[PDB]
Amino acid sequence: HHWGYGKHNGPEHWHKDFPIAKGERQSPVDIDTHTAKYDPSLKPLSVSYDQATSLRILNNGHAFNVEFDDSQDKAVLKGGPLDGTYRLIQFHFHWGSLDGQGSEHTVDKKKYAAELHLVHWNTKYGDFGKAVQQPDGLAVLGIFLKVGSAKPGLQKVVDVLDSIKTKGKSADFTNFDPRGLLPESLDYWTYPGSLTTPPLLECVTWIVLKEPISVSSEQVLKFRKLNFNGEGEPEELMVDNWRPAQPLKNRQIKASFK
Ligand SMILES: CSc1nc(Cl)c(C=O)c(NCc2ccc(S(N)(=O)=O)cc2)n1
Ligand SMILES: [Zn+2]
């Protein structure tokens, strides 16, 4: 009886195995755009993905992860609210059963169809496992998806999904360029938070881009053909793998713009 997003093991249940679920800096959160304060001390974000090396794509039973070689300084996130350098390790998405839901963060209570998470760890801690034990261990870059025109840069991901339908399946996924998933503007909101899945560790500087990317109905429909279950098990469509907004508590969301 492991955690999930099903009828009986979903977000409302996680606190039983992971008490930090009711903690002081949990994610995601609603971004109230009128209350987020412009912070002129914030820097432009620096996203350096030219040398990114993707290796593999994995269905882990909760989402799919596109995994990167992080054995040297290649693909890094710095600047913005960050001190030091954060290395890209994987990206994944959260999405809905319908276009009207799927994102984890919301914007003035608006839910997007999906949300992309580019996950980076602070190189000062040497590896990911050590980084997640620190309040400034991770930086996750969050990007909203809306349904409209196709994202050509996403299609290579969409097309490989049929080969990793069920939990535990993986496929070679080399030479994928995540620059193709970025919007035009890097304007962002930022706040201190947590992993949005168990173990829900309070180790993330969240950086959420204001500009969503557009993907097509057909592209997101293919996300929805994935399975939570393993091969040869009754089919459970991989949909609604998002955690709802959590109490903001004693935190301020800062804006990089205007
Ligand atoms: C705790 S040990 C560990 N080690 C590795 Cl090697 C990974 C690999 O990713 C990992 N991932 C957990 C994770 C959960 C949730 C999020 S989210 N939905 O907040 O962006 C990012 C990362 N956790
Ligand atoms: Zn995520």
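Cut-off values and rules
- Residues numbered from 1 in each chain as written, not as in the entry; some residues may be left out.
- Chains lettered and ligands numbered in written order.
- Heavy atoms only, no water.
- Helix = DSSP H or I, 4+ residues; strand = E, 2+ residues; numbered from the N terminus.
- Rg over C-alpha atoms; globule rule 2.2 N^0.38 Å.
- Buried < 20%, exposed > 50% of the residue type's maximum accessible area, 1.4 Å probe, protein only.
- Contact = heavy atoms within 4.5 Å.
- Areas by Shrake-Rupley, 256 points an atom, 1.4 Å probe, with all protein chains shown as cover.
- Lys, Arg positive; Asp, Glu negative; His and termini not counted.
- Charge placed at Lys NZ, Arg CZ, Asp CG, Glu CD.
- Core = buried A, V, L, I, M, F, W, Y, C linked by side-chain atoms within 4.5 Å.
- Donors = N, O, S within 2.8 Å, 3.2 Å for Na, K, Ca; no water.
- Tetrahedral: all angles 85-135°; square planar, octahedral: opposite > 155°, others 65-115°.
- Near = heavy atom within 4 Å.
- Polar contact = N/O pair within 3.5 Å; in protein donor to acceptor, adjacent residues only side chain to side chain.
- Nonpolar A, V, L, I, M, F, W, Y, C, P; charged D, E, K, R; others polar.
- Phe/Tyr/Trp six-rings, centres within 6.5 Å; stacked < 30°, edge-to-face > 60°.
- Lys NZ or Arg CZ within 6 Å of the ring centre and 35° of its normal.
- UniProt positions renumbered as here; feature names shortened; annotations may be inferred.

A.B. asks: Explain the overall build of the protein to me, please; I cannot follow it from the model alone.
C.D. replies: A count of helical and extended segments in the protein gives three helices and 15 strands. A compact globule built from 258 residues would reach a C-alpha radius of gyration of about 18 Å, and the protein, at 17 Å, matches this within 12%. Projected onto the principal axes, the alpha-carbon positions of the protein cover approximately 55 × 40 × 40 Å. When the 258 residues of the protein are sorted by exposure, 52% land in the buried category. Long-range contacts, defined here as pairs at least 24 residues apart, represent 71% of the contacts in the protein between residues at least 6 apart. Taken as a whole, the protein presents about 11900 Å² of accessible surface, with 50% of it coming from carbon and sulfur. Charge-centre separation for the protein: the mean point of 31 positive side chains lies 3 Å from the mean point of 32 negative side chains.

A.B. asks: What am I meant to see in the nonpolar core here?
C.D. replies: Here is a general trend for soluble globular proteins: nonpolar side chains tend to be buried in one another's company. In this structure, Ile57, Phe64, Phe91, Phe93, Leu141 and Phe223 are the most contacted members of the largest nonpolar core, which totals 49 residues. Mapped by element, the contributors of at least two residues to this core are β5 (64-68), β7 (86-95), β9 (114-122), β10 (138-147), α2 (155-160), β13 (204-209), β14 (213-215) and α3 (217-223). At five residues, the largest contribution of residues to this core is made by β7. Judged by nonpolar contacts, the second largest core, of 22 residues, contains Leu138, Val140, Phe144 and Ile253.

A.B. asks: For this particular structure, what's the right way to read the coordination of the zinc ion (ligand 2)?
C.D. replies: Where a metal carries four tetrahedral donors, each ideal angle is 109.5 degrees; where it carries six octahedral donors, the ideal angles are 90 or 180 degrees. The protein atoms donating to the zinc ion (ligand 2) are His92 (NE2), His94 (NE2) and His117 (ND1), with metal-donor distances spanning 2.0 to 2.1 Å. For the zinc ion (ligand 2), the four donor atoms are set out with angles of 97 to 121° between them, so the coordination reads as tetrahedral. Motif for the zinc ion (ligand 2), donor spacing along one chain: H-x1-H-x22-H. In this pair, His92 is assigned in strand β7 and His117 in strand β9, connecting sequence segments 25 residues apart.

A.B. asks: How should the site of ligand 1 be read in this particular structure?
C.D. replies: In the neighbourhood of ligand 1, 13 residues make up the surrounding shell, with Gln90, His92, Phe128, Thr196 and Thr197 lying closest. The separation between an oxygen atom of ligand 1 and a polar side-chain atom of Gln90 is 2.9 Å. Taking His92, its side chain carries an N or O atom lying 3.3 Å from a nitrogen atom of ligand 1. Notes on ligand 1: free accessible area 560 Å², of which the protein chains cover 72%. Those elements giving two or more residues to the shell around ligand 1 turn out to be β7 and β9. The element that contributes the greatest number of residues to the shell around ligand 1 is β7, accounting for four residues. Residues belonging to the shell around ligand 1 are distributed by class as follows: seven nonpolar, six polar and no charged.

A.B. asks: Honestly, the environment of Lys37 in this entry has me stumped. Any pointers?
C.D. replies: Residue placement: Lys37 occurs in strand β2 (residues 37-38). Assessed through its relative accessible area of 54%, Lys37 is described here as exposed. Taking the C-alpha atoms as reference points, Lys37 and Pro212, 175 residues apart in sequence, are found 20 Å from one another. Apart from the residues lying within four places of it in its own chain, the contact partners of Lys37 are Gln252, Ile253, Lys254 and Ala255.

A.B. asks: Help me understand the packing of aromatic side chains in this model?
C.D. replies: The relation between two aromatic rings is expressed through the spacing of the ring centres and the mutual angle of the planes. Inspection of the entire model under this criterion finds 15 aromatic pairs. When the centroid spacing of 6.0 Å and the interplanar angle of 75° are considered together, the rings of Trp3 and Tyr5 count as edge-to-face. Take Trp3 and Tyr5: they sit in the same class, and that class is buried. Counting every residue linked through ring pairs, the aromatic cluster contains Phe64, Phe68, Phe91, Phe93, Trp95, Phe173, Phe176 and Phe223. Of note, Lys110 hangs over the ring of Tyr112, and the distance from its end group to the ring centre comes to 5.0 Å. Geometry around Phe173 places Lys156 over its ring, the cationic atom sitting 5.0 Å from the centre.

A.B. asks: So what exactly am I meant to see when it comes to the UniProt feature "binding site: Zn(2+)" in the protein here?
C.D. replies: The positions that UniProt labels "binding site: Zn(2+)" are, in the present scheme, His92, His94 and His117. Look at the named residues: they lie 26 residues apart in sequence, but the longest C-alpha span between them is just 8.2 Å, so in the fold they bunch up. Within the secondary structure, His94 sits in strand β7. Its relative accessible area of 3% is what places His94 among the buried residues. What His94 contacts, discounting residues up to four positions off in sequence, is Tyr5, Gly102, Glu104, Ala113, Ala114, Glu115, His117, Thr196, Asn241 and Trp242. Separated by 3.2 Å, the side chains of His94 and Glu104 make a polar contact. Once you skip the residues sitting within four places of it in the chain, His117 turns out to touch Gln90, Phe91, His92, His94, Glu104, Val140, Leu141, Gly142, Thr196 and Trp206.

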